[PDB]
Amino acid sequence: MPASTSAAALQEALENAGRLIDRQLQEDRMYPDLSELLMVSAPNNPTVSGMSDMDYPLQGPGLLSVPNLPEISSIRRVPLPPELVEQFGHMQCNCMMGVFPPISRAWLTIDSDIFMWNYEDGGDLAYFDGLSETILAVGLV
Amino acid sequence: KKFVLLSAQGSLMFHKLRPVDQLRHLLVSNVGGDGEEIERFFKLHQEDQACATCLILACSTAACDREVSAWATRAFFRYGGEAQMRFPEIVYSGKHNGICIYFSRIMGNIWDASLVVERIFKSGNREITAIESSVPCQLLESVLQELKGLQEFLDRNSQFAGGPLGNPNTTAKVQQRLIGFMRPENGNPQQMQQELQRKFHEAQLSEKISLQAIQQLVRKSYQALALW
Amino acid sequence: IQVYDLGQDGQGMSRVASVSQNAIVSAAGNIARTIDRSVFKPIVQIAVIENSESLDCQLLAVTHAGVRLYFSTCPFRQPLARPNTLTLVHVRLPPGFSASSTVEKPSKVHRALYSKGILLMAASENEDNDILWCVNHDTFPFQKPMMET
Amino acid sequence: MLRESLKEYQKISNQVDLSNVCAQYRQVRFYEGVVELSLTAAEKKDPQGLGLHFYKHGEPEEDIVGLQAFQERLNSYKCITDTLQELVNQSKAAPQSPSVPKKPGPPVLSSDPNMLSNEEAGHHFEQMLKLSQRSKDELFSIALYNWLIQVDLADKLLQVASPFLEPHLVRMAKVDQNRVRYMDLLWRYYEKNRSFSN
C-alpha cells in the first residue's frame with residue numbers, strides 16, 4: 001500500500017470520531033430551561049404539575065426504579081461543642097442558631113452574647129462578649 | 001453537593017448523591033459489577049448514560065475505588081448492549097455511546113473553544129495587547145487526569161472491542177423478538193437469517209472502527225492538553 | 001413578596017413590585033383549580049432561581065404544605081431585561097397530591113432550602129422530631145414534564 | 001404543671017402515644033413522668049398479670065395471650081430503657097466512643113457552670129434509676145436487670161437490693177447461652193450478700 005491512503009483513512013476516521021463528539025456535546029448543551037421542564041409556554045399562560053404518580057415516580061416493581069436507591073448520603077451527625085451545652089443552664093429570654101458556610105462555622109446566640117464553632121468537627125470554638133443588649137439578628141458580610 | 005442541618009443536638013452533615021454515587025452504592029450493595037440492581041440502574045438511566053456513569057468509576061485512580069473500578073468495568077462491558085442495525089442505520093452500543101458522552105463531558109467547556117484569549121493591559125499612558133491561554137492551568141490539570149484515566153481504560157480494555165463476552169443464554173431472547181415482525185412472502189428464512197448475521201457483523205465492525213478512531217482521538221487530546 | 005432592582009451595576013436601588021399572600025393564594029387556586037386554598041399559605045420561604053438555573057423564571061416560594069410556587073419578574077427569554085412584575089408562572093404540589101399515591105404529604109413545613117432543582121424541607125413529625133424531605137430531578141433531568149425522585 | 005400533665009395522661013394510658021409523650025417529657029427533662037406513665041401504660045395493658053404468669057410458668061409457645069401481654073408490657077417499659085440509654089449515651093460519651101459521629105465529641109469541657117451535659121446526663125441517669133428502683137412490677141424489674149447487663153452496668157445490678165434478682169439469675173444460668181455470665185453475676189451477688197457457702 002502507499003502510505004497516503006492509510007494516512008487519508010486515519011484522518012477521515014479522526015473527523016468521523018470528532019463529528020460524533022460534536023453530536024453528544026450539542027445533546028448535553030440542549031438542556032432545557034426550568035420553564036419547559038415545568039411546561040410553561042408564556043408568563044401569562046401559567047401551569048400546574050405534581051398531580052400524577054408520574055410526577056414523582058414510585059420505586060415500585062415494573063416501574064423505572066431501583067428499589068432502596070438513596071438520594072442523600074448517610075447523615076454524619078457532628079456537634080454543638082461541651083462549653084456550649086453548659087450555657088443552656090443560663091439562658092433567660094432569647095436563643096438563635098445558624099450557619100455561615102463560606103467560613104466553615106456555625107453560630108449560636110444566648111440573650112446578649114454570640115458563640116461560633118466548626119460545624120464539621122466541634123473545633124475552633126470562640127465567642128464575643130462586647131455587648132450589653134439582646135441580639136435580635138446576625139449576618140456574615 | 002454538600003449540606004448541613006442544625007438541631008439542639010448539633011450538626012447533621014450530609015450530601016446530595018450524584019448518579020455516579022448511586023452507582024457506587026449499588027456496586028457496593030451487590031459487591032461487584034453484576035446483580036439485578038445494577039441491571040435496574042441501566043434501565044433507569046438507559047444504557048449509554050449508565051455506561052458514561054460507569055466510566056468515571058472505571059477510570060478512577062482513587063485508592064477507595066480500587067475494586068469499584070473493576071466492578072464498574074464489569075458492569076459497563078456486560079450491560080451496555082451491542083452494535084445493531086436499525087432498519088437502515090447502524091446503532092452503536094451504550095458502551096460506545098457512553099465513551100463518546102464521557103469524552104464530550106471531559107472536554108465539555110473546551111472542545112469548541114479557542115485555546116487563547118487576547119487581552120489589553122493599561123501600563124499608565126500605554127495600552128499593551130497580549131495573548132494568554134483561555135483555559136486555567138488547574139482546569140487543564142484536572143481534565144488531563146480524567147482523560148488519562150479514559151486513555152488507560154481504552155488501552156487496557158482495547159482487546160475486548162468487538163468481543164461478545166455475554167452469557168449465551170441471553171442471545172435467544174433477542175433473536176425471538178425480530179422474527180415477530182417479518183413476512184416477505186416466498187422469502188427464504190435461511191437467506192434472511194444469513195443476511196441478518198452479516199448485518200450484525202457489519203454493525204460490530206463499524207463500532208470497532210469507531211472505537212479505535214475515538215481511542216486515537218483521546219490520545220491526540222491528552223498530548224495537546226499536556227503540551228498546553 | 002416584594003421585588004427590588006439593585007441597578008444593572010448592583011449599585012442602584014428601586015422597588016419594582018409587591019404581591020400579598022391572599023393574591024398569591026387566589027392565583028395558585030385559580031391555576032390548581034381542584035386544590036383547596038389552605039395549602040398555598042403560609043409561605044414559609046423564598047429562594048432565588050439562579051441565572052445558571054433559568055432565564056424565564058427568577059424566584060421560588062415554598063409553603064407549610066410543601067407547595068412550590070415558581071415566579072417570573074422579567075419577560076420570558078429576554079435575559080438582559082430589568083424586573084417589571086412578580087408573576088406566578090407555575091404551581092408544583094409535593095408528593096402525595098396524585099389521586100393514586102400511597103406516599104404521604106409534607107405538612108407543618110417550617111424550613112425549606114432550594115438551589116439548582118434540589119428541594120430540601122424540614123417537617124416536624126410529633127414535636128420532638130423532624131422529618132427531612134429531599135426532592136430532585138437529577139435522575140430524570142432532561143424530561144418534560146419534570147419527573148422527580 | 002408536669003405532675004398535672006402526668007395525671008391526665010395516667011387516666012388514658014392504654015390509648016397514649018407513649019413514645020411521643022416520653023420523648024416530649026425528655027425535651028423538658030421530666031424523667032419522673034417517663035418512669036410513672038410507662039408503668040401505668042403496662043399496668044393497664046395487663047391488669048391480670050398474664051405477662052408475669054407466662055414468665056413464671058416457662059415462657060411457653062402455646063400461651064399466645066400471656067406472650068402478647070409479656071410483649072405489650074415490654075413495649076411500654078421500653079420508654080424507660082430507651083431514656084436510661086439516652087442518658088448513659090450522653091454521659092459515657094467522653095470516656096469512650098463519643099456520640100454524634102466522627103471524632104470530636106458533642107459537649108468543650110475544660111470549664112463549666114458546676115454542671116454540664118455529661119454530669120447532668122449522669123445525675124439524671126442516677127435520679128431516674130433511683131425512681132425505677134421504686135417499682136413493685138417484677139417483670140419491669142426483670143426488664144431493667146436485662147438492660148443493666150446489656151449496657152455493662154453489672155456493679156449497678158449489684159446495687160439493686162430486690163428479691164426478684166436472685167430468682168432471675170437462677171433462671172438465666174439455666175436458659176441463656178452466655179450461662180457463664182449469669183453464674184458470674186450470681187457468685188458476686190452471693191459473696192456481696194455474705195452467702196459465702198453458696
# chains A, B, ... in the order shown; residues from 1 in each chain; ligands from 1
>>> closest_atom_pairs(of="chain D", to="chain C", cutoff="9 Å", atoms="only C-alpha atoms", output="CSV")
residue,atom,partner,partner_atom,distance
D:20,CA,C:126,CA,6.8
D:23,CA,C:128,CA,6.6
D:24,CA,C:128,CA,6.0
D:26,CA,C:128,CA,8.9
D:27,CA,C:128,CA,6.9
>>> write_last_selection(atoms="C-alpha atoms", output="mmCIF file, in the first residue's frame")
data_model
loop_
_atom_site.group_PDB
_atom_site.id
_atom_site.type_symbol
_atom_site.label_atom_id
_atom_site.label_comp_id
_atom_site.auth_asym_id
_atom_site.auth_seq_id
_atom_site.Cartn_x
_atom_site.Cartn_y
_atom_site.Cartn_z
ATOM 1 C CA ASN D 20 -44.029 10.564 71.703
ATOM 2 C CA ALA D 23 -39.849 11.883 74.149
ATOM 3 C CA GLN D 24 -41.797 15.144 74.824
ATOM 4 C CA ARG D 26 -37.263 14.161 77.654
ATOM 5 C CA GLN D 27 -37.350 17.570 75.856
#
>>> residues_around(residues="residue 175 of chain B", least_positions_apart="5", cutoff="10 Å", atoms="only C-alpha atoms", output="number ranges by chain")
B: 170, 180, 193
>>> write_last_selection(atoms="N, CA and C atoms", output="tab-separated table (two decimals), in the first residue's frame")
chain	number	residue	atom	x	y	z
B	170	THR	N	-28.61	-15.35	27.10
B	170	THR	CA	-29.28	-14.09	26.73
B	170	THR	C	-29.70	-14.06	25.26
B	180	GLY	N	-40.85	-11.82	15.00
B	180	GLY	CA	-42.27	-11.47	15.10
B	180	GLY	C	-42.78	-10.45	14.07
B	193	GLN	N	-31.85	-15.00	7.58
B	193	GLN	CA	-31.01	-15.19	8.76
B	193	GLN	C	-29.53	-14.96	8.46
>>> interface_residues(of="chain A", to="chain C", cutoff="9 Å", atoms="only C-alpha atoms", output="PDB file with N, CA, C and O atoms, in the first residue's frame")
ATOM      1  N   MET A  30     -28.162  20.956  24.772  1.00  0.00           N
ATOM      2  CA  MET A  30     -29.606  21.134  24.527  1.00  0.00           C
ATOM      3  C   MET A  30     -30.458  20.957  25.803  1.00  0.00           C
ATOM      4  O   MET A  30     -31.675  20.757  25.728  1.00  0.00           O
ATOM      5  N   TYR A  31     -29.838  21.040  26.984  1.00  0.00           N
ATOM      6  CA  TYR A  31     -30.529  21.007  28.273  1.00  0.00           C
ATOM      7  C   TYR A  31     -31.586  22.136  28.398  1.00  0.00           C
ATOM      8  O   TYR A  31     -31.282  23.285  28.069  1.00  0.00           O
ATOM      9  N   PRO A  32     -32.827  21.855  28.854  1.00  0.00           N
ATOM     10  CA  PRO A  32     -33.902  22.851  28.862  1.00  0.00           C
ATOM     11  C   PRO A  32     -33.779  23.924  29.955  1.00  0.00           C
ATOM     12  O   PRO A  32     -33.247  23.678  31.033  1.00  0.00           O
ATOM     13  N   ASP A  33     -34.418  25.076  29.729  1.00  0.00           N
ATOM     14  CA  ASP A  33     -34.819  25.965  30.827  1.00  0.00           C
ATOM     15  C   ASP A  33     -35.880  25.252  31.696  1.00  0.00           C
ATOM     16  O   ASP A  33     -36.778  24.568  31.187  1.00  0.00           O
ATOM     17  N   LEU A  34     -35.791  25.449  33.013  1.00  0.00           N
ATOM     18  CA  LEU A  34     -36.786  25.074  34.017  1.00  0.00           C
ATOM     19  C   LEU A  34     -38.234  25.425  33.614  1.00  0.00           C
ATOM     20  O   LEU A  34     -39.153  24.692  33.977  1.00  0.00           O
ATOM     21  N   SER A  35     -38.464  26.492  32.840  1.00  0.00           N
ATOM     22  CA  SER A  35     -39.791  26.822  32.294  1.00  0.00           C
ATOM     23  C   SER A  35     -40.386  25.711  31.425  1.00  0.00           C
ATOM     24  O   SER A  35     -41.581  25.441  31.529  1.00  0.00           O
ATOM     25  N   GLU A  36     -39.582  25.011  30.621  1.00  0.00           N
ATOM     26  CA  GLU A  36     -40.044  23.894  29.790  1.00  0.00           C
ATOM     27  C   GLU A  36     -40.089  22.568  30.542  1.00  0.00           C
ATOM     28  O   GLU A  36     -40.989  21.771  30.282  1.00  0.00           O
ATOM     29  N   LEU A  37     -39.203  22.346  31.520  1.00  0.00           N
ATOM     30  CA  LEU A  37     -39.348  21.224  32.457  1.00  0.00           C
ATOM     31  C   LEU A  37     -40.699  21.334  33.191  1.00  0.00           C
ATOM     32  O   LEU A  37     -41.474  20.380  33.263  1.00  0.00           O
ATOM     33  N   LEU A  38     -41.054  22.536  33.651  1.00  0.00           N
ATOM     34  CA  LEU A  38     -42.345  22.835  34.277  1.00  0.00           C
ATOM     35  C   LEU A  38     -43.497  23.050  33.273  1.00  0.00           C
ATOM     36  O   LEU A  38     -44.619  23.326  33.703  1.00  0.00           O
ATOM     37  N   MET A  39     -43.269  22.904  31.963  1.00  0.00           N
ATOM     38  CA  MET A  39     -44.264  23.093  30.895  1.00  0.00           C
ATOM     39  C   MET A  39     -45.036  24.425  31.007  1.00  0.00           C
ATOM     40  O   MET A  39     -46.264  24.452  31.130  1.00  0.00           O
ATOM     41  N   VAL A  40     -44.316  25.550  30.975  1.00  0.00           N
ATOM     42  CA  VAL A  40     -44.845  26.922  30.918  1.00  0.00           C
ATOM     43  C   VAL A  40     -44.435  27.556  29.588  1.00  0.00           C
ATOM     44  O   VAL A  40     -43.255  27.782  29.344  1.00  0.00           O
ATOM     45  N   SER A  41     -45.400  27.869  28.719  1.00  0.00           N
ATOM     46  CA  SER A  41     -45.118  28.424  27.382  1.00  0.00           C
ATOM     47  C   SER A  41     -45.038  29.954  27.319  1.00  0.00           C
ATOM     48  O   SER A  41     -44.524  30.493  26.344  1.00  0.00           O
ATOM     49  N   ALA A  42     -45.561  30.656  28.327  1.00  0.00           N
ATOM     50  CA  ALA A  42     -45.506  32.112  28.465  1.00  0.00           C
ATOM     51  C   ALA A  42     -45.819  32.506  29.923  1.00  0.00           C
ATOM     52  O   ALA A  42     -46.582  31.790  30.578  1.00  0.00           O
ATOM     53  N   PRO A  43     -45.341  33.655  30.441  1.00  0.00           N
ATOM     54  CA  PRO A  43     -45.604  34.054  31.827  1.00  0.00           C
ATOM     55  C   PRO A  43     -47.092  34.350  32.080  1.00  0.00           C
ATOM     56  O   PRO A  43     -47.584  34.181  33.190  1.00  0.00           O
ATOM     57  N   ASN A  44     -47.833  34.741  31.039  1.00  0.00           N
ATOM     58  CA  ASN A  44     -49.287  34.921  31.060  1.00  0.00           C
ATOM     59  C   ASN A  44     -50.085  33.638  30.729  1.00  0.00           C
ATOM     60  O   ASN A  44     -51.302  33.713  30.571  1.00  0.00           O
ATOM     61  N   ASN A  45     -49.426  32.476  30.626  1.00  0.00           N
ATOM     62  CA  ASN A  45     -50.053  31.159  30.487  1.00  0.00           C
ATOM     63  C   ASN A  45     -49.527  30.192  31.578  1.00  0.00           C
ATOM     64  O   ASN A  45     -48.814  29.236  31.262  1.00  0.00           O
ATOM     65  N   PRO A  46     -49.818  30.459  32.868  1.00  0.00           N
ATOM     66  CA  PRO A  46     -49.259  29.708  33.988  1.00  0.00           C
ATOM     67  C   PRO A  46     -49.880  28.313  34.145  1.00  0.00           C
ATOM     68  O   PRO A  46     -51.085  28.128  33.953  1.00  0.00           O
ATOM     69  N   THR A  47     -49.066  27.330  34.537  1.00  0.00           N
ATOM     70  CA  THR A  47     -49.449  25.901  34.547  1.00  0.00           C
ATOM     71  C   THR A  47     -49.232  25.209  35.900  1.00  0.00           C
ATOM     72  O   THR A  47     -48.710  25.800  36.850  1.00  0.00           O
ATOM     73  N   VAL A  48     -49.657  23.945  36.006  1.00  0.00           N
ATOM     74  CA  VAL A  48     -49.566  23.111  37.220  1.00  0.00           C
ATOM     75  C   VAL A  48     -48.831  21.792  36.946  1.00  0.00           C
ATOM     76  O   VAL A  48     -48.811  21.326  35.810  1.00  0.00           O
ATOM     77  N   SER A  49     -48.206  21.203  37.966  1.00  0.00           N
ATOM     78  CA  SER A  49     -47.765  19.796  37.985  1.00  0.00           C
ATOM     79  C   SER A  49     -47.707  19.260  39.432  1.00  0.00           C
ATOM     80  O   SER A  49     -47.996  20.004  40.373  1.00  0.00           O
ATOM     81  N   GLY A  50     -47.375  17.983  39.633  1.00  0.00           N
ATOM     82  CA  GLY A  50     -47.470  17.305  40.937  1.00  0.00           C
ATOM     83  C   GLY A  50     -48.865  16.730  41.212  1.00  0.00           C
ATOM     84  O   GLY A  50     -49.381  16.865  42.316  1.00  0.00           O
ATOM     85  N   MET A  51     -49.516  16.164  40.194  1.00  0.00           N
ATOM     86  CA  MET A  51     -50.918  15.707  40.232  1.00  0.00           C
ATOM     87  C   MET A  51     -51.110  14.271  39.705  1.00  0.00           C
ATOM     88  O   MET A  51     -52.241  13.790  39.634  1.00  0.00           O
ATOM     89  N   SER A  52     -50.023  13.593  39.332  1.00  0.00           N
ATOM     90  CA  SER A  52     -49.975  12.214  38.842  1.00  0.00           C
ATOM     91  C   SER A  52     -48.823  11.459  39.507  1.00  0.00           C
ATOM     92  O   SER A  52     -47.814  12.060  39.871  1.00  0.00           O
ATOM     93  N   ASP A  53     -48.920  10.133  39.616  1.00  0.00           N
ATOM     94  CA  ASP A  53     -47.816   9.291  40.110  1.00  0.00           C
ATOM     95  C   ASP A  53     -46.570   9.398  39.209  1.00  0.00           C
ATOM     96  O   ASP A  53     -45.450   9.182  39.662  1.00  0.00           O
ATOM     97  N   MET A  54     -46.759   9.809  37.948  1.00  0.00           N
ATOM     98  CA  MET A  54     -45.675  10.104  37.007  1.00  0.00           C
ATOM     99  C   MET A  54     -44.911  11.398  37.320  1.00  0.00           C
ATOM    100  O   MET A  54     -43.791  11.538  36.842  1.00  0.00           O
ATOM    101  N   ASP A  55     -45.453  12.335  38.109  1.00  0.00           N
ATOM    102  CA  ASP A  55     -44.678  13.494  38.583  1.00  0.00           C
ATOM    103  C   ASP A  55     -43.562  13.111  39.564  1.00  0.00           C
ATOM    104  O   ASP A  55     -42.519  13.767  39.586  1.00  0.00           O
ATOM    105  N   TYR A  56     -43.799  12.075  40.370  1.00  0.00           N
ATOM    106  CA  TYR A  56     -42.955  11.647  41.486  1.00  0.00           C
ATOM    107  C   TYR A  56     -42.807  10.111  41.486  1.00  0.00           C
ATOM    108  O   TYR A  56     -43.254   9.460  42.439  1.00  0.00           O
ATOM    109  N   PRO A  57     -42.256   9.513  40.409  1.00  0.00           N
ATOM    110  CA  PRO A  57     -42.318   8.077  40.135  1.00  0.00           C
ATOM    111  C   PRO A  57     -41.914   7.212  41.333  1.00  0.00           C
ATOM    112  O   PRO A  57     -40.808   7.299  41.869  1.00  0.00           O
ATOM    113  N   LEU A  58     -42.847   6.355  41.746  1.00  0.00           N
ATOM    114  CA  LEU A  58     -42.678   5.446  42.875  1.00  0.00           C
ATOM    115  C   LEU A  58     -41.667   4.344  42.529  1.00  0.00           C
ATOM    116  O   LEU A  58     -41.684   3.812  41.420  1.00  0.00           O
ATOM    117  N   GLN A  59     -40.857   3.905  43.498  1.00  0.00           N
ATOM    118  CA  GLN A  59     -39.869   2.824  43.314  1.00  0.00           C
ATOM    119  C   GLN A  59     -40.491   1.410  43.115  1.00  0.00           C
ATOM    120  O   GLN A  59     -39.823   0.396  43.326  1.00  0.00           O
ATOM    121  N   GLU A  71     -31.030   8.980  47.665  1.00  0.00           N
ATOM    122  CA  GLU A  71     -30.846  10.315  47.077  1.00  0.00           C
ATOM    123  C   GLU A  71     -29.879  11.185  47.897  1.00  0.00           C
ATOM    124  O   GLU A  71     -29.171  12.013  47.327  1.00  0.00           O
ATOM    125  N   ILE A  72     -29.788  10.977  49.215  1.00  0.00           N
ATOM    126  CA  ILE A  72     -28.812  11.645  50.095  1.00  0.00           C
ATOM    127  C   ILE A  72     -27.837  10.650  50.727  1.00  0.00           C
ATOM    128  O   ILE A  72     -28.146   9.466  50.878  1.00  0.00           O
TER     129      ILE A  72
END
>>> interface_residues(of="chain A", to="chain B", cutoff="7 Å", atoms="only C-alpha atoms", output="PyMOL selection string")
chain A and resi 13-14+17+21+24-25+64-66+69-80+119
>>> atom_distance(atom1="atom CA of residue 107 of chain C", atom2="atom CA of residue 20 of chain C")
22.0 Å
>>> residues_around(residues="residue 93 of chain A", least_positions_apart="6", cutoff="9 Å", atoms="only C-alpha atoms", output="PyMOL selection string")
chain A and resi 110-111+134
>>> closest_residue(among="D:100, D:76, D:16, D:2", to="chain B", atoms="only C-alpha atoms")
D:100
>>> select_by_dssp(residues="chain C", states="strand (DSSP E or B)", output="PyMOL selection string")
chain C and resi 2-5+14-18+43-48+59-63+68-72+87-92+111-115+118-124+130-135
>>> interface_residues(of="chain D", to="chain B", cutoff="12 Å", atoms="only C-alpha atoms", output="JSON, numbers by chain")
{"D": [27, 90, 99, 100, 101, 102, 104, 105, 106, 107, 117]}
>>> residues_around(residues="residue 41 of chain C", least_positions_apart="5", cutoff="9 Å", atoms="only C-alpha atoms", output="MDAnalysis selection string")
chainID C and resid 21:22 24:25 62:65
